Each structure stands twice: as C-alpha cells, then as structure tokens.
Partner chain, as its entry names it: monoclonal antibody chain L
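Read the single chain below, which is given as structure tokens and is the form solved without the partner chain.
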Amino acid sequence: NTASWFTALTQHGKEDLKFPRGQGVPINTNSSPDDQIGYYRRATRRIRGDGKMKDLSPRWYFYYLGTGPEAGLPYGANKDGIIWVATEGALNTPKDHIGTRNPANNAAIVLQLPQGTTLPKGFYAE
C-alpha cells in the first residue's frame, strides 16, 4: 500500500483542479528544485442519510512526476482526474529517487503551497 507524500486538497466546486502555470507543487524540504514537477490525482468517495449512495467531496493528491498510480504517464498527458503542475526550472525526468510514501514508515507531509499561490475556488487544504 503506497500513498502520496502530502495531505489532500478538498474540492467544493463543480470543476476540476487547475493551477496557473508555475504553481501547485507542494513544499518538500527534502526535495531539490529539479524535482518540483508532478500531478494531482482525484479520489472520489461515496457513502450511504437514507438516500442510498451519497457523493462526498472529491479530494486531490499530489504525486511527483514518474511516481504514483500514474507513474507511467508523461507530463501533460490528458486523463480524467489527472492535472499537472510544475515549477519553472524543474526537469521533465522521473522522480524515482523520491518515489511514493509508505504510511507504515512516514506520515504524510502537511501540504503547503509556495508564497503567493492562488488555489481555485472551492479548493481547501485539510
């Protein structure tokens, strides 16, 4: 069982997450500037109060390029529930040296965005 290195973003609006070009990569003091490139993947949740199934707010998790459930997708590839972010100067190389997080070893890093970053409407961290 693998996981994202960071906590999720919650979606309250009716559109997909989209960061302006050059923003969206969470801060990680253990990574290099060459690493600040990846994708958010959407995870959906449904529960059952007696109206059968109820759709909860979808969450978005960040994975470095070349890692995670879509490790094989190249940067920019079009797929539902996958959005791409990168900081300027980051290399378009797989980040296999960072990999994914094993929850049995490390807790998730609190997702913090760089200074002056704008989240889309309805999106909130934790």
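Superpose the two forms; the largest set of C-alphas matching within 1.5 Å is the rigid core. Residue numbers count along the first chain shown, from 1. Shifts are known only where both forms have a C-alpha.
Below, we turn to the form deposited with the partner chain bound, even though it does not appear here.
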| property | result |
| --- | --- |
| Contacts with the partner chain in the deposited complex, stretch 38-56 (heavy atom within 4.5 Å) | none |
| Did residue 10 shift 2 Å or more between this form and the one not shown, C-alpha, core superposed | no |
| Core-aligned CA displacement of residue 102 at least 2 Å between this form and the one not shown | no |
| Threshold 2 Å Cα movement between this form and the one not shown at residue 23, rigid core reference | no |
| Sequence-ordered runs, three or more residues, C-alpha shift 2 Å or more between this form and the one not shown, rigid core | 117-124 |
